[PDB]
Amino acid sequence: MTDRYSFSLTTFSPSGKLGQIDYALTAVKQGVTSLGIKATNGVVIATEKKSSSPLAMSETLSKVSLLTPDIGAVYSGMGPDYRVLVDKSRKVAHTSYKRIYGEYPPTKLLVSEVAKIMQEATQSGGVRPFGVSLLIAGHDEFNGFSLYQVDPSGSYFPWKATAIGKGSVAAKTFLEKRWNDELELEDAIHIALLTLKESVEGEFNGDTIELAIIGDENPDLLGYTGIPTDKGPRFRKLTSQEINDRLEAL
Amino acid sequence: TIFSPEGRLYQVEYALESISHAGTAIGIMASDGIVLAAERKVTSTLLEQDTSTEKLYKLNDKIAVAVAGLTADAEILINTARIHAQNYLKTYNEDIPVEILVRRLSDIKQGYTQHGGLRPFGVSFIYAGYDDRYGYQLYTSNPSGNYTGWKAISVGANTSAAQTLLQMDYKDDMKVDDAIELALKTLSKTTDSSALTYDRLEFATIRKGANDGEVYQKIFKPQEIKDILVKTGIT
Amino acid sequence: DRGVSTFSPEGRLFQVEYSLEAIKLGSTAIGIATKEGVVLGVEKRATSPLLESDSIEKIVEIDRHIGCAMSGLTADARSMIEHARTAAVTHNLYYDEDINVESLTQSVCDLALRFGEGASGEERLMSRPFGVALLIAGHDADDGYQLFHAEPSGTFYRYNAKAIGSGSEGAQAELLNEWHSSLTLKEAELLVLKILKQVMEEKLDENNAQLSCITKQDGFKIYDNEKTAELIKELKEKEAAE
Amino acid sequence: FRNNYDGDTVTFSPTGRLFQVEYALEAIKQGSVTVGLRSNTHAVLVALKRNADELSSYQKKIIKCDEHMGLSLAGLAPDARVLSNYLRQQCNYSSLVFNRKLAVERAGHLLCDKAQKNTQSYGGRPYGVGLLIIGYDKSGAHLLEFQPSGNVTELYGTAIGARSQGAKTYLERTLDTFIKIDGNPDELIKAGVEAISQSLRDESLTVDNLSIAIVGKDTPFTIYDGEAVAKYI
Amino acid sequence: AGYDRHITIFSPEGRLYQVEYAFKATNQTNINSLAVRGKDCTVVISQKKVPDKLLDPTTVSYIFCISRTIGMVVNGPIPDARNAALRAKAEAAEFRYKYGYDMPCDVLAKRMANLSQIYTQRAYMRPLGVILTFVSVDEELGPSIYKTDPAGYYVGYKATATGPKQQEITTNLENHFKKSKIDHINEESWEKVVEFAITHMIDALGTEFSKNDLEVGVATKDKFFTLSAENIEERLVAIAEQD
Amino acid sequence: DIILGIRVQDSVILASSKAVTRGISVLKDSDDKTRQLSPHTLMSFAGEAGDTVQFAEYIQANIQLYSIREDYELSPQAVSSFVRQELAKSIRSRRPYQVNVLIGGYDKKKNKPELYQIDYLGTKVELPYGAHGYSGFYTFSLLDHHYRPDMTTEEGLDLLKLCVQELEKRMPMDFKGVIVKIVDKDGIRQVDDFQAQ
Amino acid sequence: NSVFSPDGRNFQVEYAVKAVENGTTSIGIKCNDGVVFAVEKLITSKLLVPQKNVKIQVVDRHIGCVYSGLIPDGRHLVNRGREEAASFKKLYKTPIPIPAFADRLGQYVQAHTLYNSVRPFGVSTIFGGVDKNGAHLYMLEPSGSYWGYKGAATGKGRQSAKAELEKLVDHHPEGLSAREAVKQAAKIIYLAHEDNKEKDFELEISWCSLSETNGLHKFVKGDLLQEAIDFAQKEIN
Amino acid sequence: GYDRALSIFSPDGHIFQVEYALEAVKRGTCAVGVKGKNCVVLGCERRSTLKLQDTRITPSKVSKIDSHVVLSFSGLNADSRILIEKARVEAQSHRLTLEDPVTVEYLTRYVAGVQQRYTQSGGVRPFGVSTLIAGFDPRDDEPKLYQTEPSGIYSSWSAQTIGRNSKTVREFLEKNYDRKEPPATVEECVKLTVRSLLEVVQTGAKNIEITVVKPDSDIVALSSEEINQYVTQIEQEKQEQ
Amino acid sequence: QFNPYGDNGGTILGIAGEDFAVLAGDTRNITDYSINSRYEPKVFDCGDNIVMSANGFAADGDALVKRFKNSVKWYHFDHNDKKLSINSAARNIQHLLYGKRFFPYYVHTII
């Protein structure tokens, strides 16, 4: 009982590196490839659903998660570390923002918050950094569409497009070639589907690919009618069926 | 937070070592303004430059900081420095004197140096500020919790090369426009890139605001850096 | 390198043993207990001629009937003196009388125990043991004139005579011969001076050695420089004839 | 097997030994000798005090705990103070709350439990003192041996400290003699004094050397020092 | 002795050795377990090994009734198994009180997974040397199997297996659903689903079972119960007269 | 307990009653109900018996500390805001300070005299002239009439003489005269000859 | 302690077991309406007062506990067991069922194997009693592991004792009486003294039988103790 | 709460953390204090790794504690701030409760007290700072100078120095400071202070600063010019065969 | 509402002679108009040749006499068996009483 490690487990070495942070990034490296692409009328985040034995139900694992009705997150690295960050992130979006201003936070500020949770694990006593890197995609009235990457150190930066994990280096290259600032959303989805075909070994279909968009408002996904002043959440998880349809014309 | 046989602070020295690898930031102080310039560390074409901030932060309306080190560690310290400024304004109905805020942040750093068994913040700051006691002020703080005031200073990568060049071309009676010029020139020669482009730069000035008698903070837009890069003969 | 309250295979507490070594490196303190009083004497040991010698407080009052001489890391004794003065004053407040010397010493030794890494004591607010030993001398109605040595271990011992500090091995052996149960106060003062003179690195004078005593009738007095210089001038003359 | 396993008390060795507890036990060996013995009407402590110098006190080694109970120490003296202080409070609680004098056996269980906790907590050390506990309660005279490992045992007689084995051997053989010293205090004290001798290369036992304590049927716990122990030399 | 071997900090390869050793620990009892889904039930089977003749065999179980509806089977040493068992009961009761409906199987799995994730991250807590299989007929999802491990990982299964011979039992089941082409055992009675489960345990392990070599838990609509030896014996008799 | 303040053109003047009365006796006829907060800032106070001096002395300590820490004197405006926040905190605590104050200071940066009135609730207001308690019921109207924004210090002292005279005519209690103090560009001085003038 | 070794085991728990194996031998025998407890008391010296250093402990009024290893650890455990029994009674009125009491000790011991700032217990405890549905016997190892037993043994002579117990189990499948288990416990302790015999030893037996003690824990004294010692002394010669 | 003990004893009886704090002090820039017949003078040096500083705003070495007492230091700067603040609070707090400014002895005993406390507390390191504290007791004219070190020891000095090459300047002071006759004036006291610094600093330019304290809260800092006037005089006067 | 106090009557008397002293009290203990006891002593030998009576609310009086008896016991422990002088007792009793300044022992106490 009681914590006896009240000191930082992440300290500077003589060369200036922070060991545990580096190793966290090494953990992220082995992680499955994931990517985000920013269009003019949307953002796409996508990843592979590496099933451990076909007896496992792929749908029951959330690799792409709604954080707020306009913000989503995807990851590379350690799944368990991601799951808790999502919960803490959802809750902090409420306690630090919605319960104060009565509106969901803008993308850059939620990211700022997740980054804080992660930085703290970089410095607090008795803890290791999170072994994940996140890609957070969202829309807010004043900043429009955005995409951010958050790393184990709690550092974050915005991207027009990027990828993280195993086949990241190769995918960043693939995206660099295919990205222009005039892409519709369907184009970005197509580019994302292409980029993700490089990383995957075996089966490549809608039941092995998780993919979500931040697009237009979906009024029928709101749950109620009568306050015409929101046409619903901008976040949408593409269905297994919807993915396969864009694979036939690939 | 332990002492070496020599009398140095191990973790502090190592944090400074960390900073020495971070993108360079420069502060130059004119007679009628202060310049802040900073270089983004080896970036990419797909990195968003528009909605991006990583090296230059607004503390209040009269003070800004240039960051060299761990972006996240700086976000923490930035935000409590923003709070300290607001606490002071509430208590006294006057904006915080630049030094007082700088001392307070430096004290926070000093804490992680003496007690608690937590790692220092791997962050160095350049503070550019104005107040009505001391006019324009340029300050520097590092992991050791030490702070000093400057006419021109640099932090992060290649500070030796940068310091020499600034000592060569700086003189007390400069204008802000020449300080902007000097800032870019110095970074031009201490870069680890081919040349210096607009998308690898953050730029801010604290001027006496054209015509008013009031103080103005300008965080240069991407396109505005591109412009200021042309006139000074770098395109 | 393992812990602060760890046992050696010999059954001693490392930190306690090492603090005693720090006390060996300290300036000499000597105490002689008689039937006319108790004498406390110390070696000032200024590390430079420019140090103002009378700002060296190594003999302190605890109560009117209790005095104290220290040796070792003398800055550690600050809180011990503070605690002793409080315990003595507090006792007078609760009981309208003087604290017994043994009780006062025992209370200081309790303070000395309070060392540990937030140990299964309560709480132990102090990281290391004290780097200082104390000679505690005084008078009470029951047990008369008394001298005590209080180590940072929390153990204390009653002595007829005692020496602590760098010159302690040589000084204690000299105390063994010279002490008899009929020493006058003046005889005792001279012995402290003599023994200090032997073991001190410098030549003994009024600036670098301090004398004090507690009598039942006058309490704890520190001998000022002029009064001690006479006792020196009286020792050299006493030992000229022999 | 002996290397990295003596760091703290929170560590077992591969043999299954707690070395910090064992090293604490060692502090007893290095402590001065003390003796405990009882008949049916009385219990006696005889403790040889040890001087640091020829000019010094022979440190007290007998502490009174209640009117019916008390103990003798060998080892770290300050530890004897912490434990006897705790024992004073427990005897005191039993008196105030229940109007009941605390049974010697319960005092044993209570010391055992206090010492035990220091053999299992990180950042704390075991106690470094052995204690002999005599008392007269509702079931007569009692003697207890306390070991800082937490092990307490009830005995007719025993000895702890330097060369204790001599006195313990003597008492093992004198058993049926001293146990029948009923209603004769001074003869039981004498048997105690003679018991402490079998553990002395040292010398004779002098006036300030010796410390005796007694508790019995109509005898409250009293310590005798110097003048009043001379008649036992 | 490098610290990255003793506490849950990263190794240079971004690994957590304590978690890996916790996985090793889950096999210590040399027991295999498997779970399958019926049309409207869920069945867990585990080997039962009582070596010591001095033991009271009725007290030797690795199957736990967590709530009225949720059952759990553990692979790993018993003390850790009981730790996770008491906690899951606590958590299931607390959920019902605070939220007014029964804690679903998958949510309790997630909650226990998060708890395990914490030991993965904090230095003073060791992981638990266990894998927990949770089963129920959920009022929303139907027959359910969710499994958690010392990494903080959890997922839902059509069927699953755990223990030393995990792989053989898995492929055996994989191969069955490959042919049957459905994601469950198409059987009305839970009795025949148990029978199926035992049958496939036998083929993959190459062993025969008496009534005292097994342990069966069944989960039906609003009840999870374990089988007595004689219930198992009647199941064993029925497989004998066909296979 | 009379606490008066008047801001003329080049200085601020505070007048404060000299009596301290416990129950049926006047215990002192020479009380200085004032603390100097800095070379150019003065505070006058009246209220509940103990709190009165404790609060002033605590405010004084803090300002003196600030001064020495920055080798710089805080402006009247800043000093008064500190004082207000203190009372505003206090009003909602377990046992609030029941003290009303006037702060008169000369702002050397602006070369303007400034008078601040703050009550125990932490109500701050800047005024040409101010008072606390009953005294204002008599003075405010007298000052409404005779006061001019560009009076000399000497003229402000005649305006107060009129105020004190009125208070001595119509107030029920003997407040044993006032101590008058001026705060200008040269600091704080006492006009120790006001009683029989 | 919060440290797995690479084989999945817990080396600090494993070393605790060693301390247990080093201890005095103690046993439990379940009988058809109760449980019997027995222990070997080493006589270090003639000076030990006989019958007066009681090792068996009662919990509540119906539960017995005996242990081998570091005695202080055992006592610490029983003190917790007593608080845990008091707490259950306080809330639920009924005295604590034995399986319930086993898990309370269970979870507590197991907790001391979770953190590096605590060490495991250096005891194996044998305990049991009679609740509202029968007799129960349990043994709890330093790891927190426990199970129900027909018979149980721990300490230096655990093998020879376990063997005897197995012989009893195998040769009395119908059940064993309280009187009988008492005599047999005395036999088994004498037979177990073989592996620790450089010292003389004192026997101690306790029981809790529905008919022989009304379901309460009692020590075996007087006639019934001497009758058992006799039975043992007979079948060792 | 982290309370793992940092300052411990070594076998020879030394607290190494306290020891290495002294090392940090000897590393720090030199400071000297010399007391006259009716004054005390404090002097400091400045380093030379960089020389594009803004001296208008940069923290001077002699700090004001109360209006009559000043403190200078050698060692870690960031540490000295923490001591100075605490000393400033205690100064005010003493005025508030005893209705009297601190004696110089008292302020010293307090700072030395804070330094000691940090040598025996879990999870804290000693101050890499040693100090000179100087001034005049309220309503008193006899000059005071004291020194504290990381251990918590403190004492008074007719003159004293701390920091880098203090060994040499203490060497100088031992030769030239006469106990019988202290530097009878402000002027001849500032002279001995400038001399003693010249051995270590090099050029008496922007590297030597001086501060004078007379009785009744009279504290004046000298300018580059008035210092240069002593620098120029001593170098020319004390050169001859 | 609950009243934590009561009144058990009684009267105590202390007279000091040249080389002796007496403390006396009645043995009657009452509540309102009822007699609880005809013999209930309220004057106590406290050891160290001190006699004490704490008359008024008997529950408070008993608590006080208990605590002083115990105070004497610990004086002996902490101060090497020294006799507690009557003046030192009186001072100690002041502190006992004042410990409850804001929820007092409702007794008039004489020693």
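Lettered A, B, C, D, E, F, G, H and I in written order, each chain numbered from 1.
Convention: a contact is a pair of C-beta atoms (placed from the backbone, for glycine too) under 8 Å apart; a residue touches a chain by one contact, two chains touch by 3 or more.
The chains touching chain A as well as chain F are B, H. Between the chain pairs D-G and A-G, more C-beta pairs are in contact across D-G. Centroid to centroid, with C-alpha atoms defining each point, chain G and chain I lie 52 Å apart. The distance from the centre of chain C to the centre of chain D, each centre being the mean of the chain's C-alpha atoms, comes to 32 Å. Chain centres here are Cα means. That of chain D falls 57 Å from that of chain H.
Shared contact sites, meaning residues of chain G that touch two or more other chains, fall at 1, 111, 115-118. In chain B, the residues that touch at least two other chains are 117-118.
Residue numbers of chain H whose C-beta contacts span two or more other chains: 1-4, 6. The touching residues of chain I, counted against chain C in their complex, run 78-80, 82, 85, 87-88, 90-92, 95.
On chain B, the positions that touch chain F within their shared complex are 90-94, 97, 100, 132-133.
Chain E contributes residues 6-7, 17-18, 21-28, 53-56, 58-60, 77-80, 82-83, 86, 124-127, 129 to its touches with chain G in the complex. Considering their complex, residues 7-15, 106, 110, 113-114, 116-118, 120-124, 146, 151-153, 155-160, 170, 173-174, 177 of chain E touch chain A.
Residue ranges of chain H in contact with chain A, taken from their complex: 1-4.
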